[PDB]
C-alpha cells in the first residue's frame, strides 16, 4: 500500500537529518520518521536502504567523488550529497528498479528540497554513474 516513492523519501530524510545530528544513530533517526502510515514492507525496505548505505558509505562516496567535476563531495549541499548517496546505493544494490526510475526519482527529491539547479545537477552525475557501475542486468529493465 505505502508507495515506494514515499518509502524512499523516508530514507532521504534520515540521511539529511543525520548531517546535523551526528551525535545520534542514523538508524534511530529512521525509526523517528517511520510511523504507523508506512506499511510493514515499506518500513523493512527503508531499514534495508539505510543499513546498506551506512555499511557501504565509504565506497559510495568514493564512487560519487570520481564524477564530480565542479564542487567536491564535501562542498555539495546536504540535499545534493545525500540524493547522490541514496540513488547510487539504489543503482548498485536494488535489482528490480530500472535505472531511469532511480534517476527520475532522485531528480524529484533534488528539485523538492534542493536549489534550482539541483535537479539538472544530479541528473547529469547519476547518468554517468549508472552507465559505468550499475549492474549490466539492470539495463534490461
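Positions refer to the first chain, counted from 1. Take the two forms, find the largest set of C-alpha atoms that superpose within 1.5 Å, and that set is the rigid core.
When the other structures are laid on the shown form by the core, the C-alphas of 23-31 and 101-109 differ in how far they drift in 4 other deposited structures of this protein; the larger average drift belongs to 23-31. Larger root-mean-square CA separation from the shown form, computed after a rigid core fit of the structures in 4 other deposited structures of this protein, is seen for 64-72 when 64-72 is set against 78-86. Look at the C-alpha B-factors of 106-114 and of 69-77. On average they run higher in 69-77. The stretch 33-41 shows the higher mean C-alpha B-factor when 33-41 is compared against 88-96 in the entry. Ranked by C-alpha B-factor against the other modelled residues of its chain, residue 82 falls in the lowest third. In the deposited entry, the Cα temperature factor of residue 1 sits in the top third of values across the chain's modelled residues.
Residue 26: CA B factor lies in the highest third for its chain, per the PDB record.
In the deposited entry, the Cα temperature factor of residue 12 sits in the bottom third of values across the chain's modelled residues.
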